[PDB]
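Take a look at this single chain in structure tokens; it is the form deposited in one PDB entry.
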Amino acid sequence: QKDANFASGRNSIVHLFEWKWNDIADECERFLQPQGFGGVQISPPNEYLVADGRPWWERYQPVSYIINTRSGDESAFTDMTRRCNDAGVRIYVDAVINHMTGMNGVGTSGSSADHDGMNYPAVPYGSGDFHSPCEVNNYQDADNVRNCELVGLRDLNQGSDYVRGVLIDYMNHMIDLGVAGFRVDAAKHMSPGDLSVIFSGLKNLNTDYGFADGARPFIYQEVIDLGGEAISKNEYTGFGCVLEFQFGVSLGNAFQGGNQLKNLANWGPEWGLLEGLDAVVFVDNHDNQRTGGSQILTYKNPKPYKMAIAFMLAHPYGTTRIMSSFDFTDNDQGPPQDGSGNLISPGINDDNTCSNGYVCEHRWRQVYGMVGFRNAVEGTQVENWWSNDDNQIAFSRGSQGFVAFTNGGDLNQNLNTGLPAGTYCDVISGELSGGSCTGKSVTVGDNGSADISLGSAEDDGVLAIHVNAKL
């Protein structure tokens, strides 16, 4: 439950938000595999409500567990799991199991969603499968949070043997199709007791998709816990990982100057975070990039955003997830679509960025460069920590990688990188290409020391070098 089940030499999960199965399959082969990414978190693959204007949020109102959505059908889904797994890239399903719809309608596969009478024929679910209607309105009351309707969404009763069976069957069907695990939506709104039973009923991963024998599905739970509520993220760590929301708030604040970088010296549980092995971390997610408030860094504030991502990828704490967004100006805005409501696929430009309105943060050199960094430093700890007692910090990951940051002033120092002597290509400003560095290079001397210079006025506020990008 806490092992991502990544293939060897890979790291990070990319949230390919609103992507189609065919496109994800292509991406696994053409980019994710070559760049060393470990997995993809897909948008909900089960039938969901068709809402006016086709907003991104319609995916979070389940109508049934039929695999037929704007992302594709089941055959498209299996083509994706086959191809991604063959390319060593795992698939994680966004499991929306706390509720059904908040309104009447029809699903993406034509199924009826009777919110009013609490009837979802395609499952089927009837009124007896839901908690008696009430509104979630008191986060200081755990039972209110778990047993009532979150914003009018019919609340499933996972205490029911019937409901548990339906959910287990759905998730097991996904495992059969080659998925590696699940992002559990609105875990805070469900009881750990019910969740443990459900999770325990999941079968081992399908070895026909390349998984090791006895592999268990990776479980990472969305428990938005910023403290001071009746429910704690600690209640969920017993049976799977938990998405660490304090991580992004704290880093977002720090990299925006709300705190001095020197303070990150003891980054980890001391900052009130979960223990690393229990955490899945990220700078921003699909929800908080829209309504996270000012503390959250997103693609719209590029420089500090990339720094935060670089710190996340360079630091040994947790399993890392990278957001891949579609450009938006309105919080309700759905992904790029044609006149019939069909999704427009991301295209790849001649500079390797995405066309058609997709931001593709995962394709940013600074992001994939750092995924490469994380792979090169596997097994190391933070060493050679340095800081100017203000906003300049640097540290090595064993003797395999070195990273430096400045959120204040020019960094010009000779630092012990702990790396072997040689010329290294900074993977932020460029990369090792054709036996040369396309960007900045750093020369490390015999004693591991090197002259690090990173001006505060450069496009990026981070420099990163590792043994896999050495001349």
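Only residues modelled in both forms are compared. Residue positions are given as counts along the sequence shown, with the first one as 1. We call the rigid core the largest set of C-alpha positions that still match within 1.5 Å between the two forms.
Not on display, but discussed next: the form solved in complex with a partner chain.
**Q** Closest heavy atom of residue 265 to the partner chain in the bound PDB entry, within 4.5 Å or not?
**A** Result no; residue 265 lies far from the partner chain in the bound PDB entry.
**Q** So in the bound PDB entry, does residue 102 come within 4.5 Å of the partner chain, heavy atom to heavy atom?
**A** Yes - in the bound PDB entry, heavy atoms of residue 102 and the partner chain come within 4.5 Å of each other.
**Q** Is residue 212 part of the interface with the partner chain in the bound PDB entry - any heavy atom within 4.5 Å?
**A** Residue 212: no contact with the partner chain in the bound PDB entry.
**Q** Considering only heavy atoms, tell me if residue 136 and the partner chain come within 4.5 Å of each other in the bound PDB entry.
**A** The answer is yes: residue 136 has a heavy atom within 4.5 Å of the partner chain.
**Q** Identify, from the list 296, 281, 359, 195, the residue with a heavy atom within 4.5 Å of the partner chain in the bound PDB entry.
**A** When the partner chain is considered in the bound PDB entry, the option within 4.5 Å is 296.
**Q** Heavy atom within 4.5 Å of the partner chain in the bound PDB entry: which of 245, 130, 311, 182?
**A** It is 245 that has a heavy atom within 4.5 Å of the partner.
**Q** Taking a heavy atom within 4.5 Å as contact, would all three of 376, 431 and 471 count as contacting the partner chain in the bound PDB entry?
**A** No, the candidate spot makes no contact with the partner chain.
**Q** Only one of 78-86, 226-234, 381-389, 341-349 has heavy atoms within 4.5 Å of the partner chain in the bound PDB entry; I'd like to know which.
**A** Residues of 226-234 come within 4.5 Å of the partner.
**Q** Rigid core superposed, please list the runs of 3+ consecutive shared residues whose C-alphas all move by 2 Å or more between this form and the one not shown.
**A** Shifted run of three or more residues, which all move 2 Å or more: only 291-293.
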